[PDB]
Amino acid sequence: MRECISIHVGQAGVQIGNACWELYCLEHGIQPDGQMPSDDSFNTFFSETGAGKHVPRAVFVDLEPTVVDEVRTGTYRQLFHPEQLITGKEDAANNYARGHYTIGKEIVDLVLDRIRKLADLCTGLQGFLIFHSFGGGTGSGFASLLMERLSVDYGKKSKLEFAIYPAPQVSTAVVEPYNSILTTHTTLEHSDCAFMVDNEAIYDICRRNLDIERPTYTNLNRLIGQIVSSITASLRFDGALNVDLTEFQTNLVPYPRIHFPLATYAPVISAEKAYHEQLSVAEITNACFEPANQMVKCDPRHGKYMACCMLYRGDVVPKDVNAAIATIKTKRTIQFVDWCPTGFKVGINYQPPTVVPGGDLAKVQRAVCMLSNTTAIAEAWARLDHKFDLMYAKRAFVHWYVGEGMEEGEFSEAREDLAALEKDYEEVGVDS
Amino acid sequence: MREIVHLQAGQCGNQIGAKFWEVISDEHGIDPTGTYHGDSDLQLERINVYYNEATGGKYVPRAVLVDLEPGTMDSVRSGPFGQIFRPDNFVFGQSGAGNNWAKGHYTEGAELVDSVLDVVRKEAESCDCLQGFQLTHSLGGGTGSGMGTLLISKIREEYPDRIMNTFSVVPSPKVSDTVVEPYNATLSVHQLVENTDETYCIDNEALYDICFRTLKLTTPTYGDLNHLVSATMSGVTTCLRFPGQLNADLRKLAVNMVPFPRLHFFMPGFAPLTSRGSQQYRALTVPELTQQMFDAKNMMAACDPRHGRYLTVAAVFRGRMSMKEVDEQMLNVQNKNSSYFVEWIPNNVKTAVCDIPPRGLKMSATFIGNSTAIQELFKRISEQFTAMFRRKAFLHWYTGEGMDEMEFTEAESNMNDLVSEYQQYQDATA
Amino acid sequence: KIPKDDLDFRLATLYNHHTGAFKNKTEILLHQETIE
Amino acid sequence: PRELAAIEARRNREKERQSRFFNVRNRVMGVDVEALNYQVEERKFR
Amino acid sequence: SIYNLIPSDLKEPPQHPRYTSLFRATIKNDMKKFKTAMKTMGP
Amino acid sequence: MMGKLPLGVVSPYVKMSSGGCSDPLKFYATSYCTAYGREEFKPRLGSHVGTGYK
Ligand SMILES: Nc1nc2c(ncn2[C@@H]2O[C@H](COP(=O)(O)OP(=O)(O)OP(=O)(O)O)[C@@H](O)[C@H]2O)c(=O)[nH]1
Ligand SMILES: Nc1nc2c(ncn2[C@@H]2O[C@H](COP(=O)(O)OP(=O)(O)O)[C@@H](O)[C@H]2O)c(=O)[nH]1
Ligand SMILES: [Mg+2]
């Protein structure tokens, strides 16, 4: 049966799982203890025990206790296996190098068991969901090495990637470009899909749409939970056109070097604003193409779509979806590559999105998610190349990474790999 | 877990850290007897970072009080939190230095080094995974500026990887309280430039300034000065002890602040230093916090960053806030003042939050900034040392201890190496 | 050399039971691919 | 037992599905006004 | 053989300069969009 | 408490420590607790086994 194991890495990874796993518990009726008060829709994430109780298929990792230490104390202390949440003594401390060669290697071995022990409990594994961050060391370094071993251990399984890309203007770190340029090799030859999402765009969307003038990370994690929920909504509950993880990989990736879609979710409105606006299938799918609602700070109007994956959910009908598809095609603002005359893969699900008390979104009878592989993303890396280049020229912060025990030649090589990848995306933008 | 051994040297070191252990006792809800009387459960969750468990439910600070004279230790014991320290940590000798760097470093401290190493190694072994040590001293004395550096040089050889912080007190130009001040200062900073991970430059004349300017205190005693310094020391490791939405440690702050190994000198500041006239007319909100943060008057050094270029800026926040305003207001200072930040490092500011504010307060932050304006301190010490070293003045005291004259040459050549290398980073093209 | 099972995962660790004494979990599971 | 329970669950679920779907008004345009009102009040309280 | 025992010449190319992004000049133009001198701290 | 502890291990204080106050008005309230705090919920210690002869 379809099952997915989540491999949350780092503080960003740990905190996102707090929003995700509370969302899945409330979706299926899991009480915070883990026991039903009341068919097997929960087998994609949970597993049954000898006591008649459900345990998620998650593995929380961090290189410092206090982020995960709280989870062992709060309301879900009795929901997750006390060994499922692995911590450390010393952290990478915003350093890909320490988390890749020195501190991580002590705890690569331990997590690779609980990955395996959660794997044998599953019969047919569908994929691995990986949450990490490009900025910090542990979410970049130890995250990178665990894919290197996961690649040669699980050569056929699907490894999905949700990650925080370093933002073009704001950030919480100065040393953050060095990790970002060097992590890209691991998510290039050791991943199957990638969903780099940026905090400023979620910051922009939350203020403009959700009326929240002053958000925090919980207001950001909740939308990330909605996107992953939409992807797996086909698996957990039935659908008119159920789309598994293998299907949307097929109709998004033209070439193995091109596995960087962009995510979009709609509608995201407050109840007062949802009070004075009807939400139809056409309305939300027009909002899925607004550059003000893209979750990456790039404008798709500067590029062209090569592949677009659809995911509707709620009270939707195939008659209206085909109506909304036709109108979008008749829009010269939206461009398409020459060799893709039909670029749509539509998924329909019954169950409407569930709402969380203490949340922000209104309860809506229908929604839509968007996974469009566009070539406008190649501008995001070009910004990173410039900032990395003007830092690397005078050789700043190199003493930290080299003195750890990594060779300085890997710095230049890593810059070349992104340089080669950027050229590949622009060649697709060329039309015959 | 993640433990710190608080070193201590000299009258400045003992008097500063006497206040420091009180303010962290209040943060952790510990009575002068030493027992736990707090109410929140997080007040004792990471207490092992500093405190050591004793039988009967008591706690002993992991301090090592060192001074060549037994004088101030009587006053230390006679303080309000006097007997919280276990007596075996008090290490002392017969005859002090008398503001003589030579006697402390060579002829008298070399007898006292072995005993201190015994206590330090005893505390070092007890903790499982110690992050590092922490030394408070003054550069204008004989012991903290003297043997206080010899403790630094020995321990670095024993433990290379551990972090060593130094909340040093540098002498001030306008009013000095020691006449051989530049002799000890120019020869102690050579010890820092080779063996130190970070140093925070705290100057008293700035501290005397802030009390009148931002607090309007008619009679600020040295207790109010020492509490002002100790609020900074808590603010760097608050994220170490208490959980946060976005956390940081000493090492996380270490990596992002030194671009090159020669540069580990900063100028700190404390945000909610609010005056007793201004609490009535105020609105506690985060732009007002970062407004007072970056005002150069709020620095506790004798250098003006408006004269130089900010290399990297740290902002360690305390309290529960909304981070959008934290990211926006940092960006506003980043771009509105372009010329004070270096061009080859984009996003020169690092931010960190700690959920729990200081006790009795709602919002706070502390600032650590690496600036090229600190080179105005070194040249000033260099000239004041050279002019005193031209005529062989006050030198018979030092060379009579057996030191040759040549270390003064290399201590000032290394020092003038730093100012030239600092200058080239200021005038550098992107 | 693909483990394909938890038992065969722990069956390839470098920890001689006779010599190795009083270790924790991470010391029990140590792999040559990790020590690379 | 659960095998036939699944059949009955699909049964009443498809019946309520046709009841909600066939009303074109609620299918193309539908909000739970009481739920929106409740969350509006909760937001105001917060 | 007698001809493979003869040492053989080896020439290898150093490749070519890496790809430069098309938006790089736009980025360099945008680097000074909002930055201002001593507007808040002062001179 | 004074032990060295293995690598992935709960600290002795936090093996049993209670979280901060869930109510935003009271001090020592964490962001996690204010985001997900439920005072009126004591988790049942559900556990059951057996069933051999059946
Ligand atoms: N979107 C989002 N990003 C987060 C969140 N928490 C942390 N981050 C990102 O994580 C990056 C830094 O890494 P952290 O997650 O804080 O910590 P880490 O990944 O374990 O790396 P280290 O701090 O070195 O241990 C920052 O750039 C943040 O953007 C979150 O809740 N939401
Ligand atoms: N900030 C601060 N500085 C102090 C205090 N007490 C002494 N100092 C400084 O310490 C210097 C003299 O230190 P000294 O007693 O000679 O240190 P020692 O030789 O190591 O014992 C003076 O320049 C003072 O400015 C204090 O309580 N607070
Ligand atoms: Mg981290």
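Protein chains in written order, with my numbering: chain L, 179 to 610; chain S, 44 to 473; chain W, 228 to 263; chain D, 5 to 50; chain G, 3 to 45; chain B, 37 to 90.
Built from N, CA and C at the ideal position, the CB exists for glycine as well.
For chain L, find out if any of its Cβ atoms is closer than 9 angstroms to the Cβ of G:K30; answer yes or no. For the purposes of this step, residue 30 of chain G is taken as the residue at position 28 of the fifth sequence. Cβ-Cβ to chain L under 9 angstroms: yes for G:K30.
Examine chain L for any beta-carbon lying closer than 9 angstroms to the beta-carbon of residue 2 of chain B, and answer yes or no. In the structure as shown, chain B begins at 37 and stops at 90. Residue 2 of chain B is therefore absent and cannot be evaluated.
Alpha carbon to alpha carbon, what distance is there between S:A97 and S:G81? Translated into the one-based positions of the second sequence, residue 81 of chain S becomes position 38. Translated into the one-based positions of the second sequence, residue 97 of chain S becomes position 54. One C-alpha to the other measures close to 17 angstroms.
Regarding S:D117 and ligand 2, is the C-beta to nearest heavy atom distance less than 8 angstroms? Your numbering for residue 117 of chain S matches position 74 in the second sequence. No.
Name the DSSP beta bridge partners of S:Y243, please? In the second sequence, residue 243 of chain S corresponds to position 200, counting from 1. According to DSSP, S:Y243 bridges with S:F309.
N-terminal and C-terminal residue of the beta strand (DSSP E) that L:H310 is part of: As a working mapping, residue 310 of chain L is identified with position 132 in the first sequence. Its beta strand (DSSP E) spans residues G302 to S311.
Which residue wins for smallest C-alpha separation from S:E112, given the options S:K146, S:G175, S:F428 and S:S382? By 1-based counting over the second sequence, the position of residue 112 of chain S is 69. Per the Cα distances, S:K146.
Proximity of S:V213 and S:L420 at Cβ, strictly below 9 angstroms: As a position in the second sequence, residue 213 of chain S is number 170, starting the count at 1. As a position in the second sequence, residue 420 of chain S is number 377, starting the count at 1. Their beta carbons are under 9 angstroms apart, which means S:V213 touches S:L420 by this criterion.
Which residues, in order along the segment 39-59 of chain B, keep a beta-carbon less than 8 angstroms from a beta-carbon of chain W? Result list: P42, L43 and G44.
Span of the beta strand (DSSP E) holding L:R491? Here residue 491 of chain L corresponds to residue number 313 of the first sequence, with the count starting at 1. Element bounds for L:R491: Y483 to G492.
Give the straight-line distance between the Cα atoms of S:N391 and S:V385, rounded to the nearest whole angstrom. Residue numbering aside, residue 391 of chain S sits at position 348 when the second sequence is read from its first letter. Residue numbering aside, residue 385 of chain S sits at position 342 when the second sequence is read from its first letter. Computed Cα separation, rounded: 8 angstroms.
Specify which residues have a beta carbon nearer than 5 angstroms to any heavy atom of ligand 3, listing them in chain order. L:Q189 and L:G314
Integer Cβ distance of S:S211 from S:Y243, believed to fall under 8 angstroms: The sequence position of residue 211 of chain S within the second sequence is 168, counting from 1. The sequence position of residue 243 of chain S within the second sequence is 200, counting from 1. The Cβ separation is near 7 angstroms, so the contact holds.
Give a single yes or no on whether L:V187 has its beta carbon closer than 8 angstroms to a heavy atom of ligand 1. Counting from 1 along the first sequence, the entry for residue 187 of chain L is found at position 9. Yes, Cβ of L:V187 sits closer than 8 angstroms to a heavy atom of ligand 1.
Using the Cβ count rule (16 or more neighbours within 10 Å means buried), how would you classify G:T28? Within the fifth sequence, residue 28 of chain G is the residue found at index 26, counting from 1. That one is exposed.
With respect to 8 angstroms, is the separation between the Cβ of L:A351 and the closest non-hydrogen atom of ligand 1 below this value? For this step, residue 351 of chain L is matched to residue 173 along the first sequence. Flag set: Cβ of L:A351 near ligand 1.
What beta strand (DSSP E) runs, 3 residues minimum, are completely inside the segment 212-277 of chain S? 241-243
With L:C547 as the anchor, note down where its beta strand (DSSP E) starts and where it stops. Indexing the first sequence from 1 puts residue 547 of chain L at position 369. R544 to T552 is the span of the beta strand (DSSP E), which, as asked, contains L:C547.
C-alpha gap between S:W440 and S:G187, whole angstroms: Residue 440 of chain S sits at position 397 when you count from the first residue of the second sequence. Residue 187 of chain S sits at position 144 when you count from the first residue of the second sequence. Distance between the alpha carbons of S:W440 and S:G187: 18 angstroms.
CB of L:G252 to nearest heavy atom of ligand 1: below 8 angstroms? Position 74 of the first sequence, counted from the first residue, corresponds to residue 252 of chain L. No, the Cβ of L:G252 stays beyond 8 angstroms of every heavy atom of ligand 1.
Taking 9 angstroms as the CB-CB limit, is S:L160 close to chain L? Against the second sequence, residue 160 of chain S aligns to sequence position 117. So no, S:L160 is outside the interface.
Just checking S:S219 against ligand 1 - is the residue's beta carbon closer than 8 angstroms to any of the ligand's heavy atoms? What you label residue 219 of chain S is simply residue 176 of the second sequence in a count that begins at 1. Within the chosen limit of 8 angstroms, ligand 1 does not reach the beta carbon of S:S219 with any heavy atom.
Extent of the continuous alpha helix (DSSP H) run through S:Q418: In the second sequence, residue 418 of chain S corresponds to position 375, counting from 1. S:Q418 -> alpha helix (DSSP H) spans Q418 to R433.
Have a look at L:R392 and S:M364 and give me their C-alpha separation to the nearest angstrom. Translated into the one-based positions of the first sequence, residue 392 of chain L becomes position 214. Translated into the one-based positions of the second sequence, residue 364 of chain S becomes position 321. One C-alpha to the other measures close to 9 angstroms.
Using a Cβ-Cβ distance cut-off of 9 angstroms, determine whether D:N16 contacts chain L. As a working mapping, residue 16 of chain D is identified with position 12 in the fourth sequence. No, no contact with chain L.
Is any non-hydrogen atom of ligand 4 found closer than 8 angstroms to the C-beta of S:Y94, if you look at the structure I gave you? Of the ligands this structure carries, namely ligand 1, ligand 2 and ligand 3, none is ligand 4.
Under 9 angstroms between C-beta atoms, does D:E46 make it to chain L? Position 42 of the fourth sequence, counted from the first residue, corresponds to residue 46 of chain D. Closer than 9 angstroms: yes.
Would you list, in chain order, the members of the segment 436-450 of chain L that have their beta-carbon closer than 7 angstroms to a beta-carbon of chain D? Sequence-ordered contacts of the segment 436-450 of chain L with chain D read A449 and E450 [C-beta pairs closer than 7 angstroms].
With DSSP as the reference, label L:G607 as helix, strand or coil. One-based indexing of the first sequence puts residue 607 of chain L at position 429. Helix at L:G607.
Report the three-state DSSP secondary structure of S:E444 (helix, strand or coil). Translated into the one-based positions of the second sequence, residue 444 of chain S becomes position 401. Coil, per DSSP.
Consult DSSP for S:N143 and reduce its assignment to one of helix, strand or coil. On the second sequence, residue 143 of chain S is found 100 positions in, with the first residue counted as 1. In the structure shown, S:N143 sits in coil (DSSP, three-state: anything other than H, G, I, E or B).
Length at least 3, wholly inside the segment 51-105 of chain S: the beta strand (DSSP E) runs in chain order: Correct list: 94-97 and 101-104.
Please specify which runs of the beta strand (DSSP E), each continuous and at least 3 residues long, are wholly inside the segment 454-541 of chain L, giving them in chain order. 483-492
How about S:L178 and S:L50: are their beta carbons less than 9 angstroms apart? Here residue 178 of chain S refers to the residue found at position 135 of the second sequence. Here residue 50 of chain S refers to the residue found at position 7 of the second sequence. Cβ distance < 9 angstroms, so S:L178 and S:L50 count as in contact.
What are the residues that DSSP puts in a beta bridge with S:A408? In the second sequence, the residue the question calls residue 408 of chain S occupies position 365. S:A408 pairs with S:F360.
Let me check one thing: in DSSP terms, what residues is S:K197 bridge-paired to? Here the question's residue 197 of chain S lines up with position 154 in the second sequence. According to DSSP, S:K197 bridges with nothing at all.
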